[PDB]
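Engineer: Below is a structure I'd like to ask you about.
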Amino acid sequence: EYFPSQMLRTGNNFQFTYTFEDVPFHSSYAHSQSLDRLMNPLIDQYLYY
Amino acid sequence: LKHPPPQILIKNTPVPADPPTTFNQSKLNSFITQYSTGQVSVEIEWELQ
């Protein structure tokens, strides 16, 4: 009760608007590759292990 | 002459013979034999005493 408030009888109405802040898109998709498979399957690397 | 007439370098561009159909990393050293011919002109102006 310690905030300002609007009082309504049976003829009154209430409304407000709001804007969202910038947020990244939800990703709706699955990846068709896996992280350990990103290489070219036909070629050797020039590095060594 | 401290700045003589410059030297002029000329070369035939290498043309490979057909490569293998599976990739290989070694440099191609298989070539079609070629030579070239042409004309060359040189004109010098000389001062007389």
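Each chain in the structure tokens gets a letter, A, B and so on, in the order shown; residues start at 1 in every chain, and ligands are counted from 1 in the order they appear.
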Would you kindly report the residues of chain A within 12 Å of chain B, using only C-alpha atoms, as a list in words?

Structural biologist: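 Result, ordered by chain then number: residues 42, 43, 44, 45 and 46 of chain A.
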
Engineer: Go ahead and write the residues just picked, C-alpha atoms, as a compact mmCIF listing (two decimals), in the first residue's frame.

Structural biologist:
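Listed below is the output, again_15.txt:
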```
# COMPACT_ATOMS: atom_id res chain seq x y z
CA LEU A 42 39.82 -36.55 -47.43
CA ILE A 43 43.04 -34.76 -46.44
CA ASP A 44 45.89 -35.19 -43.98
CA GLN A 45 46.97 -32.53 -41.54
CA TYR A 46 50.39 -30.95 -41.78
```

Engineer: Please measure the separation of atom CA of residue B:32 and atom CA of residue B:16, giving the value in Å to one decimal.

Structural biologist: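 Computed distance, atom CA of residue B:32 to atom CA of residue B:16, equals 6.1 Å.
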
Engineer: Find the residue from B:2, B:49, B:43, B:12 that sits nearest to residue B:31; use only C-alpha atoms when measuring.

Structural biologist: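 Between B:2, B:49, B:43, B:12, the residue approaching residue B:31 most closely is B:12.
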
Engineer: Between atom CA of residue B:13 and atom CA of residue B:36, what is the distance, to one decimal in Å?

Structural biologist: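 We find that atom CA of residue B:13 and atom CA of residue B:36 lie 10.3 Å from each other.
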
Engineer: Any idea what's packed within 12 Å of residue B:5, counting only C-alpha atoms, ignoring anything in its chain fewer than 4 positions away? Could you give it as a PyMOL selection string?

Structural biologist: chain B and resi 1+42+44

Engineer: Got a sec: who's within 10 Å of residue B:29, counting only C-alpha atoms, leaving out chain neighbours fewer than 5 positions off, as a list in words?

Structural biologist: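 What passes the distance filter is residues 14, 15, 16, 17 and 19 of chain B.
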